[PDB]
Amino acid sequence: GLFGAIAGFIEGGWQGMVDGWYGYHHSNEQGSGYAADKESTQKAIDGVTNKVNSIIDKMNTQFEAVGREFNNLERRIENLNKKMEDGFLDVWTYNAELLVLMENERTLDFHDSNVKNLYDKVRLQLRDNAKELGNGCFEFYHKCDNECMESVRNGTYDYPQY
Amino acid sequence: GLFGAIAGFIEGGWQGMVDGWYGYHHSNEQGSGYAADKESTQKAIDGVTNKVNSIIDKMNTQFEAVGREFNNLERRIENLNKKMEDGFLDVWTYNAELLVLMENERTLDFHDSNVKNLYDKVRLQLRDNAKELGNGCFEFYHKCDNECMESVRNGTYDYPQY
Amino acid sequence: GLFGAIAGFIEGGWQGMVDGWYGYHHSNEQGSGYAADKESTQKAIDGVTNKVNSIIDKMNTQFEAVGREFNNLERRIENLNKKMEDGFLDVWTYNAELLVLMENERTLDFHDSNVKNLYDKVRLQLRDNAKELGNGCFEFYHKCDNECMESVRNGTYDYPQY
Amino acid sequence: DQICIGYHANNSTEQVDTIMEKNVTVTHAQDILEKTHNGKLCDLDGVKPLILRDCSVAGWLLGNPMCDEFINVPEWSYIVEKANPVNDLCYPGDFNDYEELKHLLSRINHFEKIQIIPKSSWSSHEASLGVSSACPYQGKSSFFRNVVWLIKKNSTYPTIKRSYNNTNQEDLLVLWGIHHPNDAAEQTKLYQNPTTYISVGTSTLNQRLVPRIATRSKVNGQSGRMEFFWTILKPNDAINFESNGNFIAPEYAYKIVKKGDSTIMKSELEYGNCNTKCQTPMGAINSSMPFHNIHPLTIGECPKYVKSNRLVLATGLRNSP
Amino acid sequence: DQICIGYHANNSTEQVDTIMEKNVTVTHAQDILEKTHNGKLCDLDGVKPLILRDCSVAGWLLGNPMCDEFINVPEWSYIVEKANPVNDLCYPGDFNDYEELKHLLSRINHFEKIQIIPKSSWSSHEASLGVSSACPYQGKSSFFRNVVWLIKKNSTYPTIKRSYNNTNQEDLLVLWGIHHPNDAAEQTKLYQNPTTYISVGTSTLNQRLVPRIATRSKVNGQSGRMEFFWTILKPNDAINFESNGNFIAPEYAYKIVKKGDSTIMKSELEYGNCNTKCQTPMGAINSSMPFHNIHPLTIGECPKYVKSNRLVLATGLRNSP
Amino acid sequence: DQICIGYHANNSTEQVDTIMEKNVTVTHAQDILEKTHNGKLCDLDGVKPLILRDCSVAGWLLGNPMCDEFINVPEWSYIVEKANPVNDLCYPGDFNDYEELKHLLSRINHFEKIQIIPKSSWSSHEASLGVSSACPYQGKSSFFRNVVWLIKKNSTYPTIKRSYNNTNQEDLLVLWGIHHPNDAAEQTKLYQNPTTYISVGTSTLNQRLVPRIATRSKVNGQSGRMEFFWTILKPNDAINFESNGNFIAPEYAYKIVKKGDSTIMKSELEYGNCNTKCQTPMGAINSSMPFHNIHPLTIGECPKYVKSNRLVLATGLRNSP
Ligand SMILES: CC(=O)N[C@@H]1[C@@H](O)[C@H](O[C@@H]2O[C@H](CO)[C@H](O)[C@H](O[C@]3(C(=O)O)C[C@H](O)[C@@H](NC(C)=O)[C@H]([C@H](O)[C@H](O)CO)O3)[C@H]2O)[C@@H](CO)O[C@H]1O
Ligand SMILES: CC(=O)N[C@@H]1[C@@H](O)[C@H](O[C@@H]2O[C@H](CO)[C@H](O)[C@H](O[C@]3(C(=O)O)C[C@H](O)[C@@H](NC(C)=O)[C@H]([C@H](O)[C@H](O)CO)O3)[C@H]2O)[C@@H](CO)O[C@H]1O
Ligand SMILES: CC(=O)N[C@@H]1[C@@H](O)[C@H](O[C@@H]2O[C@H](CO)[C@H](O)[C@H](O[C@]3(C(=O)O)C[C@H](O)[C@@H](NC(C)=O)[C@H]([C@H](O)[C@H](O)CO)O3)[C@H]2O)[C@@H](CO)O[C@H]1O
Ligand SMILES: *[C@@H]1O[C@H](CO)[C@@H](O[C@@H]2O[C@H](CO)[C@@H](O)[C@H](O)[C@H]2NC(C)=O)[C@H](O)[C@H]1NC(C)=O
Ligand SMILES: *[C@@H]1O[C@H](CO)[C@@H](O[C@@H]2O[C@H](CO)[C@@H](O)[C@H](O)[C@H]2NC(C)=O)[C@H](O)[C@H]1NC(C)=O
Ligand SMILES: *[C@@H]1O[C@H](CO)[C@@H](O[C@@H]2O[C@H](CO)[C@@H](O)[C@H](O)[C@H]2NC(C)=O)[C@H](O)[C@H]1NC(C)=O
Ligand SMILES: *[C@@H]1O[C@H](CO)[C@@H](O[C@@H]2O[C@H](CO)[C@@H](O)[C@H](O)[C@H]2NC(C)=O)[C@H](O)[C@H]1NC(C)=O
Ligand SMILES: *[C@@H]1O[C@H](CO)[C@@H](O[C@@H]2O[C@H](CO)[C@@H](O)[C@H](O)[C@H]2NC(C)=O)[C@H](O)[C@H]1NC(C)=O
Ligand SMILES: *[C@@H]1O[C@H](CO)[C@@H](O[C@@H]2O[C@H](CO)[C@@H](O)[C@H](O)[C@H]2NC(C)=O)[C@H](O)[C@H]1NC(C)=O
Ligand SMILES: *[C@H]1O[C@H](CO)[C@@H](O[C@@H]2O[C@H](CO)[C@@H](O)[C@H](O)[C@H]2NC(C)=O)[C@H](O)[C@H]1NC(C)=O
Ligand SMILES: *[C@H]1O[C@H](CO)[C@@H](O[C@@H]2O[C@H](CO)[C@@H](O)[C@H](O)[C@H]2NC(C)=O)[C@H](O)[C@H]1NC(C)=O
Ligand SMILES: *[C@H]1O[C@H](CO)[C@@H](O[C@@H]2O[C@H](CO)[C@@H](O)[C@H](O)[C@H]2NC(C)=O)[C@H](O)[C@H]1NC(C)=O
């Protein structure tokens, strides 16, 4: 993807994280686990919902065909009428399939962007207090219990402390 | 936004920077201030201008309705004519609103991208000669007077010197 | 570009790299040279091919004009017929030029994204074992022969070794 | 000790297309295209469609004898007519401005039939021998029920001069016809007079028909032809007939009580004994989807028709192996 | 000591929509939709529209007596006609191929009226008693000024044989008519002869009209009807009339001097004593915007019509609280 | 020692446009618009177009004497007709429902001409003096070859009563006409009888024409007019003519052997002695491109027409100085 996170430096998703789209996995002396980041997740749910609604509404007003009948010596206008109706269906079919194609691509990259931004957000807190492993993980130089892990998810990781 | 800078790791804009869209704020022993980055700013002004003109011109050639009149026993073609005219208005209305929606989104992300790229540009100069604070700021390990600040905005920050 | 790599922190392309779109240039005691990264390159060739085909196919079903003739007292429908045909040509002309414009822009940024992602991929391997020069290059702290250079392109650069 | 950033995965197989890549598997997605219908013609908002079955708008409105089902039909939501209904113009001919009339019906939901000229009233002409073998009812030669085929009495067709004033609040659909005889002998035989005409007049209408004689291939066992005309008589306007032969007079004319949204749907299908909010010529639709691909011509509150086979939006992210 | 990278903010409240988010506040933006008009019909490029007011294209061109304002009207930019102009066909009837003619006018900016057959010239027929109470001028029965309603003189209508040759460089719009009488007595009374006709001929035209008699509801106090026909006589072509009754002859016919862009706009509005470069049926437009949403039918150098209520492009960035 | 990441550059000058920037130079690109044509009318899939040259669909189908090239023309792929073909209706007149007929031809690839009424067969009328100076062949007055202009013999025109039964499996295109004389003397002179008619009848058709007399400008040296009519006679249906004057009878009528895709292309161009898979009125097209901008009206397997001057897709990346 465009942002390099999803199926990128972070190789794969987590079957074990069911409470959200993006989050953290910690592991220390006292155990390990998954925790969804609510803020980024909710942001994504809002983005995509609006998108789906935006798409549905833009297509709302669109061509509608009516039955019109023509006798045996009105073949030109019968034909004209058919082309007109067919023409608009083709135009609106194209509009729909393109929109879906284009926005689908934007949606995947959007998720990729949110994962990366979350990663950078964490990276910028830890700074030189942890090793960047290259895979989405940071290995701490100091013991980091559940309180410590919580502060990283908090946004509260006290860098001058460690 | 997609690039994580605007309303991201850089939390908010600066009312104090009026000479441009993107720039630097310095603070040292001799005072503090705002300085717009002309290069990135001008790049943005060009990008967006072209965009607006590109949008205006693509819409230039678009359907135009004409008055056509039909007697009391030409209801089918009157109707056909109405549907045809209505059909094209709907198509061009959709084209306009979608384009604006899609490109508006691209414009905001474009600005976000320019802020990030400027940030990275500075980050890559300073390297390990300054602390990355996590908020758009770099705190220097060495005293950095106005000459020194100027060299960072220059692109000229002499890393081997400090 | 959006991702900051192409004509960005990496100032220019390489006339000397003909075997691919993206790759590595090494230089050490035993000589220097270009090596294309096949994985990223092939990914790009697939992306763009599909794009071109996707574009060609979406345009596949599009309005087609037919010859229809009208006598001297059928000027209204002659005119209606002309407007209808002209209207659809304008709509499909617009569709084509916009698609090309929009996707062309997406294609350039796509290449930019692939260069950056490749750069980050390398950066994340080397970590603190090399200096980030600011221009796409990493200067090693240790001698790095062709075996060593190969391991960087491999994905195999053994960080704990050096 | 370490903390990692990652993203959701699941067992979903759903795939979406993008511009650069097809069949991408995602964790979540949303189908927005309705691909199914019940396969039946249905009531619309509880209101039954007028189903002509084998009869045609013409058969119905002239009152073909084999379209007896459709006398005084109630209010309809939409009308359903086959592609080649057998019971059309039983006595061969033409229906003038038929398509313009059919178009008028797309704006009409209910007719109320009323008698403007009584069959009894034709005292100076024979009104009950006006039938043909082509339009047969119950084994006996009959005729279009809504119009009277007047012929001569005691070898004489005196000029008809008749006038109806629309005192109803409604627009009235009046129907009438002219008969084209096979030959001069046939003309004299039926109507006595050799040169005939029918002058019709309203505030707008200024008609005068004459019979065209020609030798024609038998259709439905007859070489003679009936050309049918119509008008909308406005309220407080009067229609004026005058003829000396070949006049097919109105008996009943239709009152237009309800105007509104309707359509002439074209389907071979019959009634399904069902109800819907959205109907197509192939079956009814029930969904919340914004799009469908069943058939372009629909009536009711419907999704928008597209020719797509598949429309699926990614909501979730790229799902992992 | 530190240096920071940041971006512009300001006190702007302007909002733009995107696909994922609505009402986003931005530092700068650009409205591209014109939402306002002056509310007036206006001169176009300084050139006055032809405003018919209560008269109609028919009233004007036949020369209805109450459309006297519109004799020899100057060059126009566009024409303005009401939805239901009162002064139309004062003597009831039809105007044949009226819509095709109106369409022709969309290509015309100026007529120059000239007399092809003088009223004086009808020596063998009465030419000055051809009037009706339906078309009244100054309290006195008058008639369509551009055509002469010829009647019999000393109980005789001799065959009319008249011919005009278009020696002008221009196309000529010729108008004429036929009168349909109420009854046989009325026909003989007006024209003496019972069976009549009007043969008209040019290089292309091959017409022969006969009067249709029928009993009709009075319209404007008359049950008689006038059906009006027209042609374009090419330069150096001649038109040939011949009739033995019921002939409404041309007096004046219109010369087509300027052809070009024009339109029949439909508005109730009157003249605003203003000027514009772009006109709509609701008012004129003055803007640099690429789009507007005033009304689809416009004339002049205009922005493109869209049904949008709002079109606003982001130029600046997302503005901060 | 160092390793660098970089990207491809080359000596390409190709440029593409985007929304924010125009004329961007890229390493690789793909043109998708076909801008060239051979400039010639060509065979289509090896099958020759029917090229009328100076003749017109009317000239051809009535059998204008100067359209002798086009008797029994073979199967065609498409037809080519000029904008103002000189050899049209040589004897002035009209061709009734001409455009509806031309439209019918867009569905036809081959006619097979056959004789339904032999010229010899008109024993009681003169069939060989039916010619005019307006349609001249080889310096001698001739006439439309496919129809016989019947006149009186020994001062008498007895009623014609003729009937053709379509025993062929095909639809048959039958053509005929009526002659409009200059004056009463001309009518009697040519046909003896003063009041005439032509009744035509099939299973559907119910025609009866009468000649309209009027004084007309000479066209091609004649003031008289010929109005031509047509029908499609279905298989096993019969057509029935009856007339007492002014009848232009069918000699030959066209059998419709192949129906399918065709078109009436409008071009001044002549045959190029070439072949193509896609033809336009300006020349033929040979490309793999998905689009072209040559001309909208095409026939065959063609790219889609767009009004674009340039369509170029970036494939490669932004190329460096
Ligand atoms: C080859 C031959 O001699 N055949 C005759 C055959 O024609 C004839 O049958 C009668 O033929 C006449 C015209 O030729 C009509 O077709 C008669 O049909 C009817 C009809 O059913 O419509 C009878 C009906 O009673 C008539 N009704 C009225 C109101 O007139 C109508 C009507 O006159 C015509 O349809 C008007 O066009 O015609 C049909 O019985 C038989 C018996 O006479 O003898 C054959 O030898
Ligand atoms: C119930 C009754 O007896 N009513 C008559 C009443 O008709 C009659 O008025 C005259 O009626 C005739 C036809 O019936 C016309 O309507 C007369 O109107 C005019 C008109 O103004 O158009 C008079 C005009 O001078 C006539 N002009 C010419 C050129 O002929 C025209 C014209 O003939 C017709 O319009 C052609 O269709 O008619 C109207 O005065 C009155 C007085 O006669 O007596 C009542 O009792
Ligand atoms: C001013 C003057 O006196 N002129 C006459 C001039 O008319 C006349 O020429 C003949 O004129 C008649 C009608 O006026 C026809 O135009 C004759 O042309 C033909 C034709 O070529 O079509 C001759 C032809 O043989 C006729 N064929 C038939 C089947 O009738 C036709 C035909 O009758 C008409 O076209 C039907 O409308 O007309 C033309 O020769 C000459 C010599 O008579 O004398 C001049 O003084
Ligand atoms: C994507 O998946 C679709 C549907 O699963 C594939 O569609 C099938 O295509 C093959 C041949 O390409 C056929 O045998 C099937 O009949 C198709 N079924 C469909 C379209 O419903 C499609 O091939 C895949 N596309 C790509 C590009 O991989
Ligand atoms: C049809 O009948 C109605 C009423 O029966 C006529 O309308 C009235 O006509 C009378 C007769 O002169 C007038 O005095 C009244 O003012 C009208 N009243 C109403 C309620 O309509 C109507 O004019 C008749 N129509 C025609 C065409 O003769
Ligand atoms: C975005 O702002 C617009 C305009 O300020 C809001 O529009 C109003 O919507 C509310 C109800 O939703 C109504 O009471 C007003 O009459 C609307 N005025 C308009 C549309 O001009 C709109 O609600 C906002 N949209 C969203 C999604 O927040
Ligand atoms: C209408 O009049 C013009 C000129 O008055 C006619 O044109 C001339 O016709 C004469 C008469 O035979 C010819 O000799 C000339 O060659 C023509 N000259 C010009 C300048 O037109 C015209 O033919 C007349 N039209 C008709 C239909 O009779
Ligand atoms: C991009 O390049 C095109 C084609 O090389 C330029 O087109 C020329 O434009 C100039 C004036 O602007 C004219 O003198 C030429 O006749 C044009 N030729 C064309 C369009 O084929 C164009 O100017 C350039 N556009 C921009 C925005 O720089
Ligand atoms: C035209 O001719 C065909 C055959 O020559 C007629 O068809 C036959 O008509 C006879 C006559 O009554 C019937 O007995 C047969 O059943 C028909 N056979 C075939 C093969 O068609 C046809 O009816 C004639 N058409 C008309 C209108 O009279
Ligand atoms: C996030 O978590 C940190 C540490 O896990 C929180 O700090 C603790 O908060 C609890 C609950 O109020 C207190 O009882 C402890 O005394 C705090 N310990 C430490 C080490 O801080 C902090 O409150 C949380 N911050 C936010 C923004 O939620
Ligand atoms: C950017 O600024 C740096 C330092 O502020 C400039 O270097 C100085 O330039 C001034 C003006 O020419 C000289 O008088 C000084 O001697 C220089 N001092 C230092 C420390 O460099 C430099 O010229 C500027 N570079 C660019 C590209 O504008
Ligand atoms: C990539 O290259 C590295 C080092 O250049 C490879 O390691 C060598 O592989 C060769 C070939 O099999 C062996 O003979 C050597 O013994 C290895 N030396 C070292 C230092 O590793 C490695 O095999 C390659 N890895 C991949 C994934 O291709």
# chains A, B, ... in the order shown; residues from 1 in each chain; ligands from 1

call {"tool": "interface_residues", "arguments": {"of": "chain E", "to": "chain F", "cutoff": "6 Å", "atoms": "only C-alpha atoms", "output": "list in words"}}
result
residues 199, 201, 202, 203 and 240 of chain E

call {"tool": "write_last_selection", "arguments": {"atoms": "N, CA, C and O atoms", "output": "CSV table (one decimal), in the first residue's frame"}}
result
chain,number,residue,atom,x,y,z
E,199,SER,N,-55.4,26.2,-53.9
E,199,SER,CA,-54.2,25.6,-54.3
E,199,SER,C,-53.0,26.6,-54.2
E,199,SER,O,-53.1,27.7,-54.7
E,201,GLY,N,-48.7,26.9,-54.5
E,201,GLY,CA,-47.6,26.2,-55.1
E,201,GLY,C,-46.3,27.0,-55.1
E,201,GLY,O,-46.4,28.2,-55.4
E,202,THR,N,-45.2,26.4,-54.8
E,202,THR,CA,-43.9,27.0,-55.0
E,202,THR,C,-43.1,26.0,-55.8
E,202,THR,O,-43.6,25.1,-56.4
E,203,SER,N,-41.7,26.1,-55.7
E,203,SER,CA,-40.9,25.1,-56.3
E,203,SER,C,-41.0,23.8,-55.5
E,203,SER,O,-40.7,22.7,-56.0
E,240,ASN,N,-47.7,30.6,-55.9
E,240,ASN,CA,-48.9,30.7,-56.7
E,240,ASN,C,-50.2,30.3,-56.0
E,240,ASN,O,-50.3,29.1,-55.7

call {"tool": "residues_near_ligand", "arguments": {"ligand": "ligand 6", "cutoff": "12 Å", "atoms": "only C-alpha atoms and all ligand atoms", "output": "tab-separated table (two decimals) with N, CA, C and O atoms, in the first residue's frame"}}
result
chain	number	residue	atom	x	y	z
A	46	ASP	N	-15.76	6.47	11.33
A	46	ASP	CA	-16.44	7.68	10.88
A	46	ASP	C	-16.09	8.00	9.44
A	46	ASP	O	-16.97	8.27	8.62
A	49	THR	N	-17.86	5.36	7.12
A	49	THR	CA	-19.30	5.52	7.13
A	49	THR	C	-19.68	6.69	6.23
A	49	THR	O	-20.48	6.52	5.30
A	50	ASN	N	-19.10	7.86	6.50
A	50	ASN	CA	-19.40	9.06	5.72
A	50	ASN	C	-19.20	8.81	4.23
A	50	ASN	O	-20.02	9.21	3.41
A	51	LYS	N	-18.11	8.14	3.90
A	51	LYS	CA	-17.79	7.74	2.53
A	51	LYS	C	-18.93	6.95	1.88
A	51	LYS	O	-19.42	7.31	0.80
A	53	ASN	N	-22.04	6.68	2.84
A	53	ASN	CA	-23.21	7.57	2.72
A	53	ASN	C	-23.02	8.62	1.62
A	53	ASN	O	-23.94	8.88	0.85
A	54	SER	N	-21.83	9.20	1.54
A	54	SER	CA	-21.53	10.18	0.48
A	54	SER	C	-21.72	9.59	-0.90
A	54	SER	O	-22.29	10.22	-1.78
E	13	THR	N	-13.80	31.08	8.80
E	13	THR	CA	-14.83	30.12	9.14
E	13	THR	C	-15.26	29.29	7.94
E	13	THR	O	-16.13	28.43	8.08
E	14	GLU	N	-14.69	29.55	6.77
E	14	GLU	CA	-15.13	28.87	5.56
E	14	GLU	C	-14.97	27.35	5.67
E	14	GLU	O	-13.96	26.86	6.17
E	15	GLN	N	-15.97	26.63	5.17
E	15	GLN	CA	-16.01	25.18	5.29
E	15	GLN	C	-16.14	24.55	3.92
E	15	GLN	O	-16.77	25.11	3.04
E	16	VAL	N	-15.54	23.38	3.75
E	16	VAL	CA	-15.65	22.63	2.51
E	16	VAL	C	-16.00	21.23	2.87
E	16	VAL	O	-15.71	20.79	3.97
E	17	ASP	N	-16.64	20.53	1.94
E	17	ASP	CA	-16.93	19.12	2.11
E	17	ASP	C	-15.92	18.25	1.37
E	17	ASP	O	-15.43	18.62	0.32
E	18	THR	N	-15.65	17.09	1.94
E	18	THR	CA	-14.91	16.02	1.30
E	18	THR	C	-15.76	14.76	1.39
E	18	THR	O	-16.87	14.78	1.91
E	19	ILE	N	-15.22	13.64	0.93
E	19	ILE	CA	-15.94	12.38	0.88
E	19	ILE	C	-16.13	11.77	2.26
E	19	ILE	O	-17.17	11.18	2.55
E	20	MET	N	-15.11	11.88	3.10
E	20	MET	CA	-15.14	11.27	4.42
E	20	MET	C	-15.60	12.22	5.52
E	20	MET	O	-15.93	11.78	6.63
E	21	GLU	N	-15.59	13.52	5.23
E	21	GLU	CA	-15.89	14.50	6.25
E	21	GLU	C	-16.53	15.73	5.66
E	21	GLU	O	-16.08	16.26	4.62
E	22	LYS	N	-17.57	16.20	6.35
E	22	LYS	CA	-18.34	17.34	5.90
E	22	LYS	C	-18.08	18.54	6.78
E	22	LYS	O	-17.67	18.41	7.92
E	23	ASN	N	-18.30	19.73	6.24
E	23	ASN	CA	-18.16	20.95	7.01
E	23	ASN	C	-16.79	21.13	7.66
E	23	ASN	O	-16.69	21.55	8.80
E	24	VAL	N	-15.73	20.81	6.91
E	24	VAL	CA	-14.34	21.04	7.37
E	24	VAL	C	-13.93	22.50	7.21
E	24	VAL	O	-14.00	23.05	6.12
E	25	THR	N	-13.47	23.13	8.29
E	25	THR	CA	-13.09	24.54	8.25
E	25	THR	C	-11.69	24.70	7.68
E	25	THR	O	-10.76	24.06	8.17
E	309	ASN	N	-26.67	23.41	-4.86
E	309	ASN	CA	-26.87	24.55	-3.96
E	309	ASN	C	-25.56	25.17	-3.53
E	309	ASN	O	-25.48	26.38	-3.31
E	310	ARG	N	-24.52	24.35	-3.42
E	310	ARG	CA	-23.21	24.78	-2.95
E	310	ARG	C	-22.06	24.11	-3.73
E	310	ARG	O	-22.01	22.88	-3.85

call {"tool": "residues_near_ligand", "arguments": {"ligand": "ligand 11", "cutoff": "6 Å", "atoms": "only C-alpha atoms and all ligand atoms", "output": "PDB file with N, CA and C atoms, in the first residue's frame"}}
result
ATOM      1  N   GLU B 147      21.962  33.060  13.130  1.00  0.00           N
ATOM      2  CA  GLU B 147      22.775  32.510  12.041  1.00  0.00           C
ATOM      3  C   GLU B 147      22.552  31.004  11.885  1.00  0.00           C
ATOM      4  N   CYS B 148      22.570  30.307  13.017  1.00  0.00           N
ATOM      5  CA  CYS B 148      22.400  28.873  13.055  1.00  0.00           C
ATOM      6  C   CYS B 148      20.985  28.484  12.621  1.00  0.00           C
ATOM      7  N   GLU B 150      19.076  30.284  10.772  1.00  0.00           N
ATOM      8  CA  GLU B 150      18.996  30.624   9.365  1.00  0.00           C
ATOM      9  C   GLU B 150      19.537  29.510   8.475  1.00  0.00           C
ATOM     10  N   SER B 151      20.591  28.836   8.929  1.00  0.00           N
ATOM     11  CA  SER B 151      21.222  27.788   8.135  1.00  0.00           C
ATOM     12  C   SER B 151      20.319  26.561   8.027  1.00  0.00           C
ATOM     13  N   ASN B 154      17.906  27.646   5.519  1.00  0.00           N
ATOM     14  CA  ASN B 154      18.717  27.654   4.291  1.00  0.00           C
ATOM     15  C   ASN B 154      18.758  26.326   3.554  1.00  0.00           C
TER      16      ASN B 154
END

call {"tool": "closest_atom_pairs", "arguments": {"of": "chain B", "to": "chain C", "cutoff": "9 Å", "atoms": "only C-alpha atoms", "output": "JSON lines"}}
result
{"residue": "B:3", "atom": "CA", "partner": "C:3", "partner_atom": "CA", "distance": 8.7}
{"residue": "B:58", "atom": "CA", "partner": "C:94", "partner_atom": "CA", "distance": 6.6}
{"residue": "B:59", "atom": "CA", "partner": "C:94", "partner_atom": "CA", "distance": 7.8}
{"residue": "B:61", "atom": "CA", "partner": "C:90", "partner_atom": "CA", "distance": 6.8}
{"residue": "B:62", "atom": "CA", "partner": "C:90", "partner_atom": "CA", "distance": 6.4}
{"residue": "B:63", "atom": "CA", "partner": "C:87", "partner_atom": "CA", "distance": 5.7}
{"residue": "B:64", "atom": "CA", "partner": "C:87", "partner_atom": "CA", "distance": 8.3}
{"residue": "B:65", "atom": "CA", "partner": "C:83", "partner_atom": "CA", "distance": 8.5}
{"residue": "B:66", "atom": "CA", "partner": "C:80", "partner_atom": "CA", "distance": 8.9}
{"residue": "B:68", "atom": "CA", "partner": "C:76", "partner_atom": "CA", "distance": 6.6}
{"residue": "B:69", "atom": "CA", "partner": "C:76", "partner_atom": "CA", "distance": 7.9}
{"residue": "B:70", "atom": "CA", "partner": "C:76", "partner_atom": "CA", "distance": 8.8}
{"residue": "B:77", "atom": "CA", "partner": "C:77", "partner_atom": "CA", "distance": 8.3}
{"residue": "B:81", "atom": "CA", "partner": "C:80", "partner_atom": "CA", "distance": 7.0}
{"residue": "B:84", "atom": "CA", "partner": "C:84", "partner_atom": "CA", "distance": 7.0}
{"residue": "B:85", "atom": "CA", "partner": "C:84", "partner_atom": "CA", "distance": 8.6}
{"residue": "B:88", "atom": "CA", "partner": "C:87", "partner_atom": "CA", "distance": 7.3}
{"residue": "B:91", "atom": "CA", "partner": "C:91", "partner_atom": "CA", "distance": 8.1}
{"residue": "B:92", "atom": "CA", "partner": "C:91", "partner_atom": "CA", "distance": 8.0}
{"residue": "B:95", "atom": "CA", "partner": "C:95", "partner_atom": "CA", "distance": 9.0}
{"residue": "B:109", "atom": "CA", "partner": "C:2", "partner_atom": "CA", "distance": 8.7}
{"residue": "B:110", "atom": "CA", "partner": "C:2", "partner_atom": "CA", "distance": 6.8}
{"residue": "B:113", "atom": "CA", "partner": "C:2", "partner_atom": "CA", "distance": 5.6}
{"residue": "B:114", "atom": "CA", "partner": "C:2", "partner_atom": "CA", "distance": 7.4}
{"residue": "B:116", "atom": "CA", "partner": "C:4", "partner_atom": "CA", "distance": 8.5}
{"residue": "B:117", "atom": "CA", "partner": "C:4", "partner_atom": "CA", "distance": 5.6}
{"residue": "B:118", "atom": "CA", "partner": "C:4", "partner_atom": "CA", "distance": 8.9}
{"residue": "B:120", "atom": "CA", "partner": "C:4", "partner_atom": "CA", "distance": 8.5}
{"residue": "B:121", "atom": "CA", "partner": "C:9", "partner_atom": "CA", "distance": 7.0}
{"residue": "B:123", "atom": "CA", "partner": "C:134", "partner_atom": "CA", "distance": 8.7}
{"residue": "B:124", "atom": "CA", "partner": "C:134", "partner_atom": "CA", "distance": 5.0}
{"residue": "B:125", "atom": "CA", "partner": "C:134", "partner_atom": "CA", "distance": 6.5}
{"residue": "B:127", "atom": "CA", "partner": "C:132", "partner_atom": "CA", "distance": 7.6}

call {"tool": "residues_around", "arguments": {"residues": "residue 39 in chain A", "least_positions_apart": "5", "cutoff": "10 Å", "atoms": "only C-alpha atoms", "output": "PyMOL selection string"}}
result
chain A and resi 20+22-23+44+118

call {"tool": "residues_near_ligand", "arguments": {"ligand": "ligand 9", "cutoff": "7 Å", "atoms": "only C-alpha atoms and all ligand atoms", "output": "JSON, numbers by chain"}}
result
{"D": [217, 218], "F": [165, 166, 167, 236, 237, 238]}

call {"tool": "interface_residues", "arguments": {"of": "chain E", "to": "chain C", "cutoff": "9 Å", "atoms": "only C-alpha atoms", "output": "MDAnalysis selection string"}}
result
chainID E and resid 97 99:101 103:104

call {"tool": "atom_distance", "arguments": {"atom1": "CA of residue 273 in chain D", "atom2": "CA of residue 33 in chain D"}}
result
26.1 Å
